[PDB]
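The form deposited in one PDB entry is given below as one chain in structure tokens.
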């Protein structure tokens, strides 16, 4: 039996290495990673890899790893795939913990925009969870934390983190993580996977895929929202991605909205993530 070495970037930034038989399906590797992480609530998570364009793709657990990664290194990242709309309802604290680590990267990367105050409050719960109670000995007026809190750090943000940290005395890691999640879950881009596309008139838009449905971000004025119940059908033809919407209260027939993606692969990627998210909605 010939086995390929796999390297997986974990959400703390560390690297897990293991081997799987070269014709292994993605589920085999994913099961090894989740056992390493002591993670039972595995359905919210998945593995990604980067193609020769360094675009992120979901490893399909049902298909051979080799057929997916094709010519690339067997190098993967462990990630949240389906962001729970109510993290309080997860059965395990360790699940909430990995969700926190993913959200911390969502914030630092700018995928999850956040007000100054929310950056500081989230940062304060992270510090409380990671270091425990506020200690003045480690923090002077000049203090800068090792923790990355934001896409751009300022001394003002570091000060606000410390001020809110002082208020969390006695909070345990699981409690601080639950508070982190209660705040993060409310942010407008929480759990939203964004895809570049053009509308039928060729105007640049963004399509967001999340638990609740599909978002079309046309401009700061006019964000189209299609709850899953409203989406009849989704399709991809060549580079074209089409959404069919149930008849409105004044339509007799469904409406078809068409989008142009960069290439055929980007259309197929968007279709698959939409199908997978809709099934998630169906089981909520």
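Residue numbers count along the first chain shown, from 1. Think of the rigid core as the biggest set of C-alphas that the two forms share within 1.5 Å after superposition. Only residues modelled in both forms are compared.
Not on display, but discussed next: the form solved in complex with a small molecule.
So in the deposited bound form, does any heavy atom of residue 52 sit within 4.5 Å of the small molecule?
Residue-level check for residue 52: no, no contact with the small molecule.
Taking 4.5 angstroms as the cut-off for heavy atoms, does residue 225 touch the small molecule in the deposited bound form?
Heavy-atom contact with the small molecule at 4.5 Å: present for residue 225.
Would you check, heavy atoms only and a 4.5 Å threshold, whether residue 188 touches the small molecule in the deposited bound form?
Residue 188: contacts the small molecule in the deposited bound form.
Counting only non-hydrogen atoms and a 4.5 angstroms cut-off, does residue 215 reach the small molecule in the deposited bound form?
Because a heavy atom of residue 215 falls inside 4.5 Å of the small molecule in the deposited bound form, the answer is yes.
Among 35, 251, 43, 219, whose C-alpha is off by 2 Å or more between the shown form and the other one on a rigid-core fit?
With the rigid core superposed, the residue that stands out is 251.
Shared-residue segments moving between the shown form and the other one, Cα shift 2 Å or more over 3+ consecutive positions, core-fitted:
That run whose C-alphas all shift by 2 Å or more is 247-252, the only one.
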